[PDB]
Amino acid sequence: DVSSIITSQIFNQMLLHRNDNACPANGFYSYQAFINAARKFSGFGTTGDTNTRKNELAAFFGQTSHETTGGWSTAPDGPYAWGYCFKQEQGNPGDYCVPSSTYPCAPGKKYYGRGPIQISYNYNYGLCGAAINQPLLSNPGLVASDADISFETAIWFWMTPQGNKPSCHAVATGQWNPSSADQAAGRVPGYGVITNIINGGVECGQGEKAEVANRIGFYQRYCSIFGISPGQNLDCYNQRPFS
């Protein structure tokens, strides 16, 4: 069970400032919601030895902290204490509707980034809602109004391979075997390939990038909290994005 690796105190010490009034998602993300959701995904934080389960959770909270960070360079307790500050895409996001007969856009509904993985677009809310048996296509606001659902979308993303792009789960648990194409593209198992899976088109293969360095900093802080050392191949600066 995942609760033997991650306690309420480890969750709270990682997500130290999420409940500050400056965070729009303050009061949303609970340890209970996380454990309820985690238990629905067989293998999630229960694959491998203790250090491998710790590493998976460090990596999962690292990446999701980046997706939702409200941190700045000089924030209280540093930038890597301000994960899980947002539950919806910032700026003025549009409806993120790309029509699908399989996963049709609901009238008046918007599919902008919500929750810990910032799940976006009607196609993804529909694929996800099918997998977790929730009406995300008709009510995408559930991902920001129900914290158990919010965590389910992020773990769903984390556990789901995309053809030649592995699950974050496989990579974080040392179960990803890189293809010859992967090797030629510099995609060596590590946290960097996880950044590549999540947003490599934007962030990877272009040299030093502050968003990548941010993802690493969260993961480094959380490895410390779990009492493990970070893995190798932390960045994707010299990785070709997954096409």
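Position 1 is the first residue in the sequence shown; the rest follow in order.
A.B. asks: Per the record, averaged over C-alpha atoms, which has the higher B-factor: 133-141 or 163-171?
C.D. replies: Going by the record's values, the stretch with the higher mean is 133-141.
A.B. asks: Can you tell me whether 57-65 has a higher mean C-alpha B factor than 39-47 in this record, or the other way round?
C.D. replies: It is 39-47 that shows the higher mean C-alpha B-factor.
A.B. asks: Among 79, 126, 94, 115, which carries the highest Cα B-factor?
C.D. replies: Highest CA B-factor of the listed options: 94.
A.B. asks: According to the PDB entry, is the CA B factor of residue 103 in the bottom, middle or top third of its chain, that is, lowest, middle or highest?
C.D. replies: For residue 103, the deposited C-alpha B-factor lands in the highest third.
A.B. asks: Lowest, middle or highest third of the chain for the C-alpha temperature factor of residue 16?
C.D. replies: For residue 16, whose C-alpha B-factor we compare with every modelled residue in the chain, the answer is the lowest third.
A.B. asks: Taking only the Cα B-factors deposited for this chain, tell me whether residue 32 sits in the lowest, middle or highest third.
C.D. replies: Answer is highest: the recorded C-alpha B-factor places it there.
A.B. asks: Sorting the chain's modelled residues by C-alpha B-factor, tell me whether residue 188 ends up in the lowest, middle or highest third.
C.D. replies: For residue 188, whose C-alpha B-factor we compare with every modelled residue in the chain, the answer is the highest third.
A.B. asks: Going by the recorded CA B-factors, say which third of the chain residue 206 sits in, lowest, middle or highest.
C.D. replies: CA B-factor rank for residue 206: highest third.
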